[PDB]
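In structure tokens, one chain follows: the form deposited in one PDB entry.
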């Protein structure tokens, strides 16, 4: 069991998949979980990006099936821009594809700014662009849970293997959710499901970006990672990649284990086994 193989197993990666079958299993999962909780549906932030576009369509398909089976369910798609979003057009395109039961726009700027201003005033320092970025992600979580709390809906998370292996998400930000329909999927597999679902190609060819920085809006995930999704997917799907690349993927995986586990206690072994861990 090489590290690459342990990672593939831990992240539930399927080297080869059947898009129609994956969609069936993932829509079934959303239905099975919600039935267990007695919730009234789901809520999800739609950014115009690939992951939320796919997760959103799966959620709409799920509630429509729940209603067809005689149940009661609704899906609310939520736009969460910080001021004017650079790629609002792509978000609208995603909304057109998702065809959600309900959609609403919630500018998170006033909340994020109220916080940053207060921080600056009381801590005698300004938030670095990166840290304010994480505030944005966390406020998006807050917004989705508030709507979920008010309407009795579960919060959908968009985590998948290509993001999980690098711990490329904000802890308790977009990482905070109730259920994950995309777990185990590589980035390219995600595009494959989108194609099967008949999505406009602009929805899966668009460049992946967390778009949280004020000074570098729309920054490419790969620019930040120093690794391309092509390499990540190759690695995750069990293919051979340059020792150079493998080492970089594996070190990022091992140091971010804390983001894939519940808070650490003295009774947990994962952190003791880890040679090291990095939070900042």
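Residue numbers count along the first chain shown, from 1. In this text, rigid core is short for the largest set of C-alphas that superpose within 1.5 Å between two forms.
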| item | value |
| --- | --- |
| Mean C-alpha temperature factor, higher of 164-172 and 178-186 | 164-172 |
| 53-61 or 227-235, whichever carries the higher mean Cα B-factor | 227-235 |
| Out of 150, 121, 92, 74, highest CA B-factor residue | 121 |
| Maximum C-alpha temperature factor, selected from 117, 99, 131, 111 | 117 |
| Chain-wide C-alpha B factor ranking for residue 193, given as lowest, middle or highest third | middle |
| Residue 66, C-alpha B-factor rank within chain (lowest, middle or highest third) | lowest |
| Cα B factor band for residue 243 (lowest, middle or highest third within the chain) | highest |
| CA B-factor ranking of residue 261, expressed as a third of its chain | lowest |
| Lowest, middle or highest third - CA B-factor, residue 143 | lowest |
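The form deposited in another entry is left out here; the points below concern that form.
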query	finding
C-alpha displacement of 2 Å or more between this form and the one not shown on the rigid core, among 73, 165, 154, 137	165
Core-superposed C-alpha of residue 32 shifting 2 Å or more between this form and the one not shown	no
Core-superposed comparison between this form and the one not shown, residue 61 Cα displacement 2 Å or beyond	no
Shift of residue 250 between this form and the one not shown at or above 2 Å (CA, core fit)	yes
Sense of the change in Cα distance from residue 138 to residue 160 in the other entry - at least 3 Å versus the shown form	closer
Closer or farther in the other entry, the Cα atoms of residue 167 and residue 175, when the shift from this form is 3 Å or more	farther
